[PDB]
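Values quoted throughout were computed directly from the atomic coordinates according to the rules given, and no laboratory measurement underlies them. Reconstructed Cβ throughout: ideal geometry from the backbone, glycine too, with neighbour counts over all protein chains shown.
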Protein chains: 2
Amino acid sequence: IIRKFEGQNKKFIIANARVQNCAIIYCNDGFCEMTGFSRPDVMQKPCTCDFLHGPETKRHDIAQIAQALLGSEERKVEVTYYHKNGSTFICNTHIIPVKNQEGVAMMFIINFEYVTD
Amino acid sequence: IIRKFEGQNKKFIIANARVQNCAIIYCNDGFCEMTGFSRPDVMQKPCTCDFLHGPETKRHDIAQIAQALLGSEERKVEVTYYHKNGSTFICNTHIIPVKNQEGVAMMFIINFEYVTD
């Protein structure tokens with residue numbers, strides 16, 4: 001799926017699911033271009049991407065994203081996020097756990113799909 | 001393929017193909033267990049994994065691995081590597097570039113397959 005995502009100029013990050021802050025260890029050019037955050041501004045931040053949250057970002061939506069991460073579940077959540085420039089965009093945030101054979105999530109791939117209003 | 005690899009307890013790393021030293025940004029438990037190198041000893045090292053090289057590691061084999069990385073090519077190379085404890089193992093090193101739509105490698109996934117002698 002990292003090949004699918006990178007190959008189609010998807011907008012995604014990869015995070016380390018083993019460390020307590022779910023540190024982003026990779027973000028692709030498409031995620032920086034869409035959100036207006038520079039790669040040095042995204043790297044090592046929590047995988048929840050709280051730097052995308054603003055006033056109109058709904059608490060219920062933030063909680064469903066955080067819950068999927070905590071439960072190591074695949075989930076798709078529609079949410080309002082904010083470009084660096086303070087403009088709103090609707091996003092479908094697709095959390096994909098990457099699990100060992102024992103079923104333990106080692107990484108998350110999170111894909112961000114822009115949704116026109 | 002990161003899902004395939006992690007899900008089957010393959011032994012692999014992911015590297016950032018954008019930075020000059022091809023920095024390892026992820027290594028799985030199976031790669032640490034097989035090679036005897038701790039995760040803190042592998043992280044951020046070059047993706048060539050020179051810490052696996054010893055006397056019986058052939059220069060021609062090291063060069064074919066490095067060439068595939070430099071040319072952003074998928075390649076499989078059989079090579080002699082060294083466990084931390086100084087014992088030899090034969091490895092099939094499988095370099096997989098992860099390219100953007102424009103064809104530019106952004107990451108490498110490198111899988112290490114033990115080969116019995």
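Listing for the model above:
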item: Selection from the stretch B:103-117 of residues that are loosely packed, with under 13 Cβ neighbours inside 10 Å and within 14 Å of chain A (Cβ to nearest Cβ); result: B:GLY103
item: Matching residues, the stretch A:12-35, being among the charged types (D, E, K, R) and more than 18 Å from B:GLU6 (Cα to Cα); result: A:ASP29, A:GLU33
item: Within the stretch A:1-79, helices (runs of 4 or more DSSP H) holding 1 or more residues that are in contact with a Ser or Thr (Cβ under 9 Å, 6 or more places away or on another chain), surrounded by fewer than 20 Cβ atoms within 10 Å (Cβ to Cβ) and more than 14 Å from chain B (Cβ to nearest Cβ); result: A:59-70
item: All positions within the stretch B:8-23 that are without any contact (Cβ under 8 Å) to a residue 40 or more places away in the chain and more than 22 Å from B:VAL115 (Cβ to Cβ); result: B:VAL19, B:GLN20, B:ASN21, B:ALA23
item: Conditions (1) in contact (Cβ under 8 Å) with a residue 40 or more places away in the chain; (2) within 11 Å of chain A (Cβ to nearest Cβ); (3) of a type in the set (S, T, N, Q); (4) in contact with a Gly (Cβ under 9 Å, 6 or more places away or on another chain); number of the one not met by B:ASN100; result: (1)
item: Residue check, A:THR93 surrounded by 21 or more Cβ atoms within 10 Å (Cβ to Cβ) and away from chain B (no Cβ under 14 Å); result: yes
item: Condition met for A:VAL42 (farther than 26 Å from B:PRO97 by Cα and either touching a residue at least 12 places away in the same chain (Cβ under 8 Å) or of a type in the set (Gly, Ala, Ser) (or both)); result: no
item: Hey, A:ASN85 within 28 Å of B:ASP29 (Cα to Cα), more than 12 Å from chain B (Cβ to nearest Cβ), assigned to a loop (DSSP other than H, G, I, E, B) and out of contact with any helix residue (DSSP H, G or I) (no Cβ under 9 Å at 6 or more places or on another chain) or not; result: no
item: Odd one out for A:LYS84, checked against (1) under 11 Å from the mean Cα position of the chain (by Cα); (2) surrounded by fewer than 16 Cβ atoms within 10 Å (Cβ to Cβ); result: (1)
